[PDB]
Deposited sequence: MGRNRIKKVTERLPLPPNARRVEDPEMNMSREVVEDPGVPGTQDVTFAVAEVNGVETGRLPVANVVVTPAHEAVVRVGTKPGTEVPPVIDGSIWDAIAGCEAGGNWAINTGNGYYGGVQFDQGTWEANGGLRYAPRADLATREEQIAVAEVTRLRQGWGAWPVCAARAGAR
């Protein structure tokens, strides 16, 4: 018995647009872009809410109804052939922490690029142009793909401080 800590509360919340995907054969498969944000809708969501001492201790949606439907968004998704990115096998995240503080897009004008501070020749020699003109223009996972090629072909010499710091082979 006693007062019930659980009450029903109905809230009007946004209904986010579904994204309809449109292929872009000029964009890397790693990439997705919002071409049209659509228009959010609205929905009435009923929650069971627990409160003790004027403080919410829990909530659970129990019902929902569309009020205004959203207008769909349009997302462009990359389908450029040959831009498949291998799965990442995090020694690299440690290295990028050391090299660039985890900033994969770093480009300070020091002659090095991206999270693991490739020079341009090393980026190109190890296949990086498949993904981007420079390392900093490529995704983390693309940069790691090229870093793995670099390591297999040339070793850890590109990272003469950070690789050892990261506990490399």
Which segments of the deposited sequence lack C-alpha coordinates in the modelled structure, numbering from residue 1?
-> 90 to 91
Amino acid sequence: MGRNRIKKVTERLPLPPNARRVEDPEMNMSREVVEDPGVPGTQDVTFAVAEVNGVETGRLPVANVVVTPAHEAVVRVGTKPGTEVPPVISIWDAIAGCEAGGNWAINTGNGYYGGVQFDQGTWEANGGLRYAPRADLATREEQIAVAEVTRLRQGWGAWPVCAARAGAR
From here on, numbers count along this sequence of modelled residues.
Averaging C-alpha B-factors over each stretch, which comes out higher, 53 to 61 or 134 to 142?
-> 53 to 61
Assert higher mean C-alpha B factor (38 to 46 or 108 to 116, deposited values) equals 38 to 46
Chain-wide C-alpha B factor ranking for residue 102, given as lowest, middle or highest third = middle
Name the third of the chain's ranked CA B-factors that contains residue 147, choosing lowest, middle or highest.
-> lowest
Classify residue 67 as lowest, middle or highest third according to the C-alpha B-factor given in the PDB entry, relative to its own chain.
-> highest
